[PDB]
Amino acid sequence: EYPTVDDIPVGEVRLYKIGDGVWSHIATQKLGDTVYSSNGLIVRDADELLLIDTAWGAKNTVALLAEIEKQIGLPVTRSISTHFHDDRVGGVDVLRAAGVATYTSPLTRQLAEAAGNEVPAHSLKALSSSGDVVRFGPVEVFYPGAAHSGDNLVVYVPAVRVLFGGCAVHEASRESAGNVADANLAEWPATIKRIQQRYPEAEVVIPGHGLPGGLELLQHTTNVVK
């Protein structure tokens, strides 16, 4: 039932119910010859929605908003981007066009600027050192340390025990580390442990790319990082 690269053309988006008031969004994108899939999150708060990550580009993010408005029928009022790469901030200008208040960590804004990528407008201050946590509407935003990138954050929804691990967590089938050009492989194991120790009751763990699983995904990531 979970969408993969094989059932979504580039330029379409799909939503998938994870629990009460929680969906993942799934999109696709081609770099050169390779097509990938990518996951974000949608969390209901009263009569509004908080978006976690873009759908990897402006065309995908417009379609994300259209799918959200079809399937759910509530406005996206704020967004959070979980690191600086295009699959997280790519399409932030689409969000701003639509009146969305876009947030990320200060480091993510600096790194995104340095990479020539779109930059969320507002900083989540108080997310500066490994271990920092802030509450944000219906979720916690946790900065566990460097791993996939120096700035990567995870988002936990406590009501329903859902952890969006983003690109710091690999899916079950993935056996290679991936894009490690911004990675901190030395620190990635300690970062994962901080996540495991913080969210031991998580029922679902969603990676940045691929299929969701449980908490087994965290140690699987430590194994893949070697």
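In this text, residue numbers run from 1 along the sequence as written.
K.L.:
Once you work out the mean C-alpha B-factor for both 163-171 and 193-201 from the entry, which is higher?
P.N.:
So the stretch with the higher mean C-alpha B-factor is 193-201.
K.L.:
Check the entry's C-alpha temperature factors for 6-14 and 213-221, then say which stretch has the higher mean.
P.N.:
Per the deposited B-factors, the answer is 6-14.
K.L.:
Reading the B-factor column of the entry, which of 157, 27, 183, 41 has the highest value at its C-alpha atom?
P.N.:
Reading the PDB entry, the winner on C-alpha B-factor is 183.
K.L.:
Going by the CA temperature factor in the entry, name the top one among 77, 104, 128, 117.
P.N.:
It is 128.
K.L.:
Taking only the Cα B-factors deposited for this chain, tell me whether residue 67 sits in the lowest, middle or highest third.
P.N.:
Answer is middle: the recorded C-alpha B-factor places it there.
K.L.:
Can you tell me whether residue 92 has a C-alpha B-factor in the lowest, middle or highest third compared with the other modelled residues of the same chain?
P.N.:
Bottom third by C-alpha B-factor.
K.L.:
Ranked by Cα temperature factor within the chain, is residue 132 in the lowest third, the middle third or the highest third?
P.N.:
Highest third - that is where residue 132 ends up once the chain's C-alpha B-factors are sorted.
K.L.:
Where does residue 139 sit by CA temperature factor within its chain: lowest, middle or highest third?
P.N.:
According to the entry, residue 139 has a C-alpha B-factor in the chain's middle third.
K.L.:
Just say lowest, middle or highest third for the CA B-factor of residue 124 relative to the other modelled residues in its chain.
P.N.:
Its C-alpha B-factor, which the entry lists for residue 124, ranks in the highest third among residues of this chain.
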